[PDB]
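In: this one's a deposited entry, sequence included:
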Amino acid sequence: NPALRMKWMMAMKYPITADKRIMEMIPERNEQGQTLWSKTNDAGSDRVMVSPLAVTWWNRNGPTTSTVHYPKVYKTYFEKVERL
Amino acid sequence: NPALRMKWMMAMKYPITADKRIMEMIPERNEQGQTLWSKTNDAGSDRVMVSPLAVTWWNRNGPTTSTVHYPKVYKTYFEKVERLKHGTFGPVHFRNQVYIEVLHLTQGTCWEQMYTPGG
Amino acid sequence: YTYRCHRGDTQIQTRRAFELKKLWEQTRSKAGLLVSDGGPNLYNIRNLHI
Amino acid sequence: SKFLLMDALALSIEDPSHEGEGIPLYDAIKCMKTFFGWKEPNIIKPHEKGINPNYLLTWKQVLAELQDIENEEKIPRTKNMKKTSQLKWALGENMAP
Amino acid sequence: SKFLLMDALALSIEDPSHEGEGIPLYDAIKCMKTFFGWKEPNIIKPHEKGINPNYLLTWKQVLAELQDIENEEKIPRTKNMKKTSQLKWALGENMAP
RNA sequence: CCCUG
RNA sequence: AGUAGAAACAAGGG
RNA sequence: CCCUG
RNA sequence: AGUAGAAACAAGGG
C-alpha cells in the first residue's frame, strides 16, 4: 500500500530527491538551525537528498518572477472559474 | 566541604553500605519494580551497597519488636519533654536587662518571659 | 531537598516518593512520623533542645 | 475483541505542550507516575489452558523494565523486551513444526 | 555581574507535573520551542578588545547542537559541545605560558 | 598510554 | 580575550 | 555469517 | 498456548 509507505517515508529526515545546484540557492541551515539538505548523494545517480523543509524555505524565501503565461496556457481551467 | 559531597553522594543509586544478611530480610525489588540493593561488594570488605529505599522499606515493612526499654534508658531526655509539656507560661515583660535548661527561651536581649516548670 | 524526604501529602515526584506515600498512608497518627520519613515539622523555639 | 470496551479504565494526564506526534513511551511513564496504589499482584481468575506464572512473571518483567529506564546514560525512544523464557512461551516462539 | 539584573528577559512555560529535580536540558528545549520569531543574528554593539565573529559562531553552534539533539537514537541528559576553534578562543584555551 | 585536582 | 589586584589563574608530572 | 518479508 | 476456519500461520533457504 503506497499510502502507508509514504506515511513512513515522510517520517524520515530527507525523503525528497533534488538536483545539485540547490546547494547554491538555499542554505544548509535555517534561521533556527534546522538542516535542509545532506551531503550524501543519491544511489545510482548524482542527486542530493532534501527534506520537505527545503520546499517551504523556497516558497517563503526564493527568487520571484512575473507569471502572465500560466493562465494563457491553462485557459480552460481559468474559464471554468470565471464562469462560476 | 562535606555538605556538597553528601549532596552529590545522595544522588547516586546505592550510597549506603550494609551487611550481607540484608539480602535475606528485604527483597531486591519494590512493589513497583524499583531496585533496593545490588550484588556488587564494597571495596576492602564484604559489605554490599544499599539505597535509602531499603531504609524506607524496612521502616514500613519489617519485623516488629517491643520498645518498652527505650524510655527507661533515655530517662533524662523524656523527663525534659514531660516537664515542658506540663509547664505554664506567662506574660512578656519588655525591660532593661530546671530553669537554666530552658534559658534560651526565658531570657532575651531586652525581654523577659515568665516560666515555671511543671515539675 | 538534600535527603529527598519530602512530606507525605506533597505532590513532588522523586525516587522515594512511592515509599514515603505508602508509609504515610499506612500510619494512623501522621504527627508521629520523623521528618526523615515524610512527617510534619514540630520544632519551635521552645523545642530546640529536645 | 482485541481490546476491552466496557471494562476499560485509563490513567489520565494533561499535556499543554501540544506536540503533533511525540514519543509514546514518555507518555506511558508519565501516566504511570500519577498512581501510588501498586501492590503485589496475584492470580484470582486463572486461564485454564495456559501456564499462569508465565503471565505473572511477564507483568513483573514489564514493571521492572520500565524502572530500568532511569539508570541509563541516554533515555531511549522505544523499549525492547528481553527474550526471556516466559516471553518465549507466551508469544509462541519455536512452535511451528 | 555574572548575569543581567534589570535587562533580563525570560521565556516561560508551565509544568503541572511537579518534578522534584528533573533534567534541565529538556526544560530548556521546551521553553525554546515556544518562540516563533527567530531571525538571522548580527552584531550591533561590538566588543572592542575581542574577535567579534567568534561570538556569533558560538551562538549559531549552540543552535545547531540543539537541533542535532533531535537526530539521535537516544535522548541524552547533558550536551558536551564540540571543541571548535571559536570555543577554543572564547574559553581561553592554550593561553598559559 | 598512566597518575594527580 | 577574560577573572583578578601589590600576585596569581588562564592545567602539572612522568 | 549472508540474502529474502 | 493463540489466531482462524473445510486450510493455513505459529519463519524459510543457502
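Out: On my side now, so go ahead. Numbering: from 1, shown residues only, chains lettered A, B, ... in the order given.
In: near chain C, which residues of chain D?
Out: D:33, D:36, D:38, D:70 (C-beta under 8 Å from any C-beta of the partner chain). In this view, the C-beta of every residue, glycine as well, is placed from N, C-alpha and C.
In: apply 6 Å and report the result again.
Out: Contacts of chain D with chain C, taken as C-beta under 6 Å from any C-beta of the partner chain, map to residue D:36.
In: max-length helix in chain D?
Out: helix D:52-67 (DSSP state H).
In: tell me which strands the next helix-or-strand element following that helix pairs with, and in which orientation.
Out: The first helix or strand that comes after helix D:52-67 along the chain, using DSSP states H and E, is strand D:74-76. Strand D:74-76 has these partner strands in its sheet, going by DSSP bridges: strand E:74-76 (antiparallel).
In: now for the helix or strand that comes right after the partner strand, which elements pack on it?
Out: Using DSSP H and E, the next helix or strand after strand E:74-76 towards the C-terminus is helix E:85-90. If you count contacts as 3 or more C-beta pairs under 6 Å, 6 or more residues apart in numbering or on different chains; DSSP states H and E, helix E:85-90 packs onto helix E:52-68.
In: what's the neighbour count on residue D:88?
Out: 13 (other C-beta atoms under 10 Å in any protein chain shown).
In: list of residues touching stretch D:2-16?
Out: The contact list for stretch D:2-16, computed with C-beta atoms under 6 Å, 6 or more residues apart in numbering or on different chains, reads D:30, D:31.
In: ends of it, how far apart?
Out: End-to-end distance for stretch D:2-16, by C-alpha to C-alpha, to the nearest Å: 31 Å.
In: counting neighbours, what do you get for the closest residue to chain E within chain D?
Out: Proximity of chain D to chain E (C-beta to the nearest C-beta) peaks at residue D:74, 3.4 Å away. Neighbour count of residue D:74, defined by other C-beta under 10 Å: 12.
In: how close does it get to residue E:25?
Out: Remark: distance between residue D:74 and residue E:25 (C-beta to C-beta, to the nearest Å) = 11 Å.
In: kindly report the same for residue D:57.
Out: 36 Å.
In: what of residue C:4?
Out: Using C-beta to C-beta, we find residue C:4 at a distance of 21 Å from residue E:25.
In: what of residue A:10?
Out: Distance of residue A:10 to residue E:25, given as C-beta to C-beta: 27 Å.
In: which of those two has more neighbours?
Out: Taking neighbours as other C-beta under 10 Å, residue A:10 and residue E:25 compare with residue E:25 leading, 15 against 11.
In: the helix or strand hosting the more buried one near chain A at all?
Out: Residue E:25 is part of helix E:24-32 when elements are defined by DSSP H and E. No: using C-beta under 6 Å from any C-beta, helix E:24-32 never reaches chain A; the gap is at least 8.9 Å.
In: doesn't residue C:19 fall inside a helix?
Out: Yes: judged by DSSP: H, G, I helix; E, B strand; the rest coil, residue C:19 forms part of a helix.
In: burial measure for the residue of chain D found nearest chain C, as a count.
Out: Minimum separation of chain D from chain C (C-beta to the nearest C-beta) falls at residue D:36, amounting to 4.7 Å. Look at residue D:36: counted by other C-beta under 10 Å, it has 14 neighbours.
In: near residue 47, how many other residues are there?
Out: Here I'm looking at chain A. Counted with other C-beta under 10 Å, residue A:47 comes out at 15.
In: hmm, I had chain D in mind actually
Out: Counted with other C-beta under 10 Å, residue D:47 comes out at 10.
In: state the number of residues packed around the residue nearest to it when sequence neighbours are not counted.
Out: In this structure, residue D:47 finds its nearest non-sequential neighbour in residue D:55, 7.2 Å apart by C-beta to C-beta, 6 or more residues apart in numbering or on different chains. A total of 17 residues lie near residue D:55 under the criterion other C-beta under 10 Å.
In: related to what we said a few turns ago, what's the spacing between the longest helix of chain D and its chain's center?
Out: Averaging C-alpha positions (C-alpha atoms, centre = their mean, to the nearest Å) puts helix D:52-67 8 Å from its chain's average.
In: residue A:49: neighbour count?
Out: By other C-beta under 10 Å, 18 other residues sit near residue A:49.
In: tell me if I'm right that it and residue A:14 touch.
Out: Yes: counting by C-beta atoms under 6 Å, residue A:14 is a contact partner of residue A:49 at 3.6 Å.
In: quick one: the helices in chain C, in order.
Out: Applying DSSP H to chain C gives helices spanning C:17-26.
In: cool, and chain A?
Out: So, for chain A - with DSSP H - the helices run A:2-9, A:22-25, A:53-60, A:70-73, A:75-83.
In: among these, which is the most enclosed?
Out: With neighbours defined as mean count of other C-beta atoms under 10 Å in any protein chain shown, those peak in mean count at helix A:53-60, which reaches a mean of 14.
In: contact partners of that helix?
Out: Residues contacting helix A:53-60 (C-beta under 6 Å, 6+ apart): A:26, A:34, A:36.
In: before we move on, back to that, go through the longest helix of chain D and flag the buried ones.
Out: Across helix D:52-67, burial judged by 16 or more other C-beta atoms under 10 Å in any protein chain shown covers D:54, D:55, D:57, D:58, D:61, D:63, D:64, D:66, D:67.
In: and residue 36, what does it touch?
Out: Picking chain A for this. Neighbour list for residue A:36: A:28, A:53, A:54 [criterion: C-beta under 6 Å, 6+ apart].
In: you answered for a different chain; I wanted chain D.
Out: With contact set as C-beta under 6 Å, 6+ apart, residue D:36 has these partners: residue C:21.
In: what helix or strand is it on?
Out: Residue D:36 belongs to no helix or strand, assigned by DSSP H and E.
In: how about it, phi and psi?
Out: Main-chain torsions, residue D:36, degrees, to the nearest 10: phi -130, psi 40.
In: give me the contact list for the helix holding residue E:25.
Out: Against helix E:24-32 from outside (C-beta under 6 Å, 6+ apart): E:11, E:13.
In: mind saving the C-alpha coords of that helix as PDB?
Out: Presented in PDB, the C-alpha positions along helix E:24-32 are these (Å, rounded to 0.1, in the frame of the first residue of the first chain):
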ATOM      1  CA  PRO E  24      17.100  21.000  32.800                       C
ATOM      2  CA  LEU E  25      18.100  20.400  29.200                       C
ATOM      3  CA  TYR E  26      14.600  19.200  28.300                       C
ATOM      4  CA  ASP E  27      13.100  22.200  30.100                       C
ATOM      5  CA  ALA E  28      15.400  24.500  28.000                       C
ATOM      6  CA  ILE E  29      14.300  22.800  24.800                       C
ATOM      7  CA  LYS E  30      10.600  23.000  25.700                       C
ATOM      8  CA  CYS E  31      11.000  26.700  26.600                       C
ATOM      9  CA  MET E  32      12.800  27.300  23.300                       C
END
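In: quick check: angle from that helix to helix E:52-68?
Out: Going by axes from the mean of the first three to the mean of the last three C-alpha atoms, to 10 degrees, helix E:24-32 is angled at 100 degrees with respect to helix E:52-68.
In: tell me the buried residues in helix E:24-32?
Out: Residues of helix E:24-32 classed as buried by neighbour count (16+ other C-beta under 10 Å): none.
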